[PDB]
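Have a look below at one chain only, the form deposited without this ligand, in structure tokens format.
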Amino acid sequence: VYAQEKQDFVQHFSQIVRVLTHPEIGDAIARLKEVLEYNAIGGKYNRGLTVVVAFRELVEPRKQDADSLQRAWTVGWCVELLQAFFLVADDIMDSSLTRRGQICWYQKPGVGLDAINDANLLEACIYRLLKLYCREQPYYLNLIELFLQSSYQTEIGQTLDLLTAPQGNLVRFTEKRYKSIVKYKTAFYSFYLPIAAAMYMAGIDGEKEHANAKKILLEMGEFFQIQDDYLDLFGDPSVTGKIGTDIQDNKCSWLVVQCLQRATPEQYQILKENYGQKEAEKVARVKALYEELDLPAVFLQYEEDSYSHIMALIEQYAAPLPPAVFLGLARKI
């Protein structure tokens, strides 16, 4: 369902770019095209695809005219632009090397900290497109506010992610703190935002229905981030497209949280000695310790429980939305 729509979705990118690209600003405009091609393409498009898939499922085919669809995939691309924005900036703050199987944009020769302006340009495009295509829709302001509220929450999440991981400083790494981080940093924008966008486009804007969708989608977001933490250490970089940094960057990863919960006092010291340091020998020691306490299998356990819990939540809260809206998304993770 996602898999079949992916093609139409990716083709519509060329138009996004033509519409986004005053002879005086020529060069700046050419640099925008380059920023977009490099940073908006190459991912799985889960998030933007979710807008289009959920739109199809919530609007009657008789209301799905050609113009109506154009807008659904534009808002789909706005969500991808948000993602591209957050990624370019997070890679600098995380000192990451690769993203989506290539060098991070800031690590390119001749880019560096200019990437900061590039990232924000990507964010400015969302609102240019919203104006271009939705300025006369009755949901226009709802969408604008949704995308803004979603950036604020996710920047709040980052702050928490950064404050909990000072460079060159474990008591801090609790369950309560972790859940809080992943809720703000990932769950609102990766999960609530795309479904809610499609809800407002389908004329569904009751508070109750948004909160019920939210209940489902925040929990899916939390699982997704825990998966992200797992793959940071135990995923194949040939598949993920990115090299992990979590132990080096002293992060409140799900892995470190579970570990702590499990560790003999001596094991606690091994972690204390080695965590949050750039030395490959010390990172390997931490990885060995995670393997010593079967955290890959604890992760496979958690993944199953949480999937059951998400399914229970869909059964409780999907009505009156088609459950397929949610099942389709959960199956893709």
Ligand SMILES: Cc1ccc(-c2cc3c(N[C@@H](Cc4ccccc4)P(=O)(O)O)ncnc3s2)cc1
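Rigid core here is just the name for the largest C-alpha set that superposes within 1.5 Å across the two forms. Start at 1 with the first residue shown and count on from there.
Coordinates are lacking for 1 to 3 deposited residues between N169 and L170. Missing coordinates between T21 and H22 amount to 4 to 9 residues of the deposited sequence.
On average the C-alpha atoms of 257 to 265 have higher B-factors than those of the other stretch, with 220 to 228 and 257 to 265 being the two compared. Higher mean CA temperature factor, per the PDB entry, when comparing 170 to 178 with 99 to 107: 170 to 178. For the set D161, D118, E207, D90, the maximum C-alpha B-factor listed in the entry falls on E207. For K214, the recorded CA B-factor ranks within the middle third of the chain. Only modelled residues enter the ranking. Sorting the modelled residues of the chain by their CA temperature factor places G48 in the lowest third.
Ranked by C-alpha B-factor against the other modelled residues of its chain, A319 falls in the highest third. The PDB entry assigns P237 a C-alpha temperature factor belonging to the highest third of its chain's modelled residues. Residue-level temperature factors show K183 in the middle third of its chain, judged at the C-alpha atom.
Same protein, other form: the form deposited with this ligand bound, not shown, and the subject of what follows.
Though this ligand is absent from this view, in the bound PDB entry it lies within 4.5 Å of a heavy atom of just one residue from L218, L231, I144, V257, which is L231. Contact with this ligand, judged by heavy atoms within 4.5 Å in the bound PDB entry, is confined among 262 to 270, 284 to 292, 27 to 35, 43 to 51 to 43 to 51.
Contact between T74 and this ligand in the bound PDB entry is not found at the 4.5 Å heavy atom cutoff. Using a 4.5 Å cutoff between non-hydrogen atoms, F224 counts as a contact of this ligand in the bound PDB entry.
Using a 4.5 Å cutoff between non-hydrogen atoms, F191 counts as a contact of this ligand in the bound PDB entry. Contacts between stretch 298 to 333 and this ligand, counted in the bound PDB entry as any heavy atom lying within 4.5 Å, involve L329, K332, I333, listed in sequence order. Only one candidate in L32, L293, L58, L69 has its Cα displaced by 2 Å or more between this form and the one not shown after core superposition: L293. Fitting the two forms on the rigid core leaves the C-alpha of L113 displaced by under 2 angstroms between this form and the one not shown. Comparing the forms between this form and the one not shown on their rigid core, the Cα displacement of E136 stays under 2 Å. Superposed on the core, the two forms barely differ at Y127: its CA moves less than 2 Å between this form and the one not shown.
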